[PDB]
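The structure appears below as structure tokens.
Backbone-built Cβ (ideal geometry, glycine too); neighbour counts: all protein chains shown. Read-outs: derived from the displayed coordinates by stated rules, not from any lab.
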Amino acid sequence: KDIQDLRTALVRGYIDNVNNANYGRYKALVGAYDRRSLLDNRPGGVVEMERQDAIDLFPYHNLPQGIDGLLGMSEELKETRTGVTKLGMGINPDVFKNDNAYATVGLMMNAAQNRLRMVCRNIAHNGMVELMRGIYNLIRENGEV
Amino acid sequence: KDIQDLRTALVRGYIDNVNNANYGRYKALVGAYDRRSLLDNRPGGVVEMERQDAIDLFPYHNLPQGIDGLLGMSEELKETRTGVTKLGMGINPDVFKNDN
Amino acid sequence: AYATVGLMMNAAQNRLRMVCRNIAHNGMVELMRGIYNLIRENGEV
Amino acid sequence: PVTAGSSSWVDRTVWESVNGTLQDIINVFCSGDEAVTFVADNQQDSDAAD
């Protein structure tokens, strides 16, 4: 949960920065308006009069230099804290029964892969097996088929 | 335990830095407010009058240059101090009986 | 099936295989079971 | 949260190592369909091992 929120905040920040930089407001003095020339947006004919320095681009804040570090930290934390991965190789029942089934190249000894295999083993030992045992005790204690 | 706390602190630091840099407050003088023009946030029409230098971006502190070193030190310490690893290969009973 | 080089263990590939398996188990199979129960309960061919 | 403006995002690190160790632990013991298997040193007591 927190991660999500965190990322959003960061993202929001980035967004709003761009959401301002795209406006491209221009700073200018008083004796250089020349509305007829300024409002006219054509490739040629503009009038940057009154010393030629009476107009400039608005000095918007620069992007935080450390934001990308936090993004990468959040990404790697999401990757290692759980069994998820961008290009992670999906597990299979054979390896879940014996991780060394593809010991040639598919060692599978990755933090995320094992973190995921642990939860699947928990589900199996506390889930399906109990369901099957219950079904067996049920069918074995009622009915004539 | 300490590591956790430590990291949090560092993280907190980083966070608050960004949590300020995103505000993007602007420093300005007195004779350049022009509220009608300033408050108006549109791509074109702003008025940075009164010498063209009466307004600038607020000089926020730069990020500590040594923070990433501490982050990496904490990470490698967590990795080597215990048996955990980001991409470490999981062990198996066969190797536990015979590493070779 | 192609464990030699086509491990296929990619996040996108598995995310897609999950939805295809969902479609198969909730789609085609039910359609075939229904068609079988239908043809098995009407007509003489 | 010492302060509201701090936004003290916690770093869940102990949980991470706990899971990283628990996964290997279960992959060591509970990986096999069986738990253990007694073994004897003579044939006079092997009929009881199984």
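In the stretch C:1-32, of all residues being at the interface with another protein chain (Cβ under 10 Å from one of its Cβ atoms) and aliphatic (A, V, I, L, M), the one that is farthest from residue A:95 (Cα to Cα) corresponds to C:12. Quick check on my filter: what residues within the stretch B:56-100 are exposed (fewer than 13 other Cβ atoms within 10 Å of the Cβ), within 21 Å of residue A:115 (Cβ to Cβ) and among the basic types (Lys, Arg)? Within the stretch B:56-100, just B:81 meets the criteria.
Looking only at residues in the stretch A:92-109 that are out of contact with any helix residue (DSSP H, G or I) (no Cβ under 9 Å at 6 or more places or on another chain) and either part of a helix (DSSP H, G or I) or of a type outside the set (A, V, I, L, M) (or both), the one that is farthest from the other protein chains (Cβ to nearest Cβ) is A:93. Contact map, the stretch D:20-48: first residue farther than 12 Å from residue B:90 by Cα and without any contact (Cβ under 8 Å) to a residue 24 or more places away in the chain, second residue among the charged types (D, E, K, R) and surrounded by 12 or more Cβ atoms within 10 Å (Cβ to Cβ), Cβ cut-off under 7 Å, separation 6 or more or different chains; pairs are D:30/A:121. Taking (1) over 20 Å from the mean Cα position of the chain (by Cα); (2) closer than 30 Å to residue B:33 by Cβ in turn, residue A:97 satisfies each apart from (2).
Among the residues of the stretch D:8-17, is there at least one that is within 12 Å of chain A (Cβ to nearest Cβ), within 30 Å of residue B:14 (Cβ to Cβ) and among the aromatic types (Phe, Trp, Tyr)? Checking the stretch D:8-17: at least one residue is within 12 Å of chain A (Cβ to nearest Cβ), within 30 Å of residue B:14 (Cβ to Cβ) and among the aromatic types (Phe, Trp, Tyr).
Going residue by residue through the stretch B:30-52, is there one that turns out to be touching an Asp or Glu at 6+ places or on another chain (Cβ under 8 Å), in a loop (DSSP other than H, G, I, E, B), surrounded by fewer than 12 Cβ atoms within 10 Å (Cβ to Cβ) and in contact (Cβ under 8 Å) with a residue 12 or more places away in the chain? For the stretch B:30-52, residues touching an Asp or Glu at 6+ places or on another chain (Cβ under 8 Å), in a loop (DSSP other than H, G, I, E, B), surrounded by fewer than 12 Cβ atoms within 10 Å (Cβ to Cβ) and in contact (Cβ under 8 Å) with a residue 12 or more places away in the chain: present. Residues in the stretch B:33-52 that are within 9 Å of chain A (Cβ to nearest Cβ) and over 18 Å from residue A:20 (Cα atoms): B:49, B:50, B:51, B:52. Scanning the stretch A:115-145 for residues that are within 14 Å of chain C (Cβ to nearest Cβ) and out of contact with any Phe, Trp or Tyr (no Cβ under 9 Å at 6 or more places or on another chain) yields a single hit, A:116. When the stretch C:3-45 is filtered for residues that are over 20 Å from the mean Cα position of the chain (by Cα) and not aliphatic (A, V, I, L, M), the ones remaining, listed by number, are C:4, C:6, C:10, C:40, C:41, C:42, C:43, C:44.
Restrict the check to the stretch A:71-82 and report whether at least one residue is without any contact (Cβ under 8 Å) to a residue 40 or more places away in the chain, part of a loop (DSSP other than H, G, I, E, B), within 14 Å of chain C (Cβ to nearest Cβ) and under 17 Å from the mean Cα position of the chain (by Cα). Yes, there is a match, as at least one residue in the stretch A:71-82 is without any contact (Cβ under 8 Å) to a residue 40 or more places away in the chain, part of a loop (DSSP other than H, G, I, E, B), within 14 Å of chain C (Cβ to nearest Cβ) and under 17 Å from the mean Cα position of the chain (by Cα).
Taken over the stretch D:26-46, residues that are more than 9 Å from chain A (Cβ to nearest Cβ) and either assigned to a loop (DSSP other than H, G, I, E, B) or among the β-branched types (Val, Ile, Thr) (or both) amount to 13. Between A:60, A:23, the distinction of being touching a helix residue (DSSP H, G or I) at 6+ places or on another chain (Cβ under 7 Å) and under 19 Å from residue B:28 (Cβ atoms) belongs to A:60 only.
Of the listed requirements (1) surrounded by 10 or more Cβ atoms within 10 Å (Cβ to Cβ); (2) within 30 Å of the chain's Cα centre (by Cα); (3) assigned to a loop (DSSP other than H, G, I, E, B); (4) not acidic (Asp, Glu), residue D:21 misses just one: (3).
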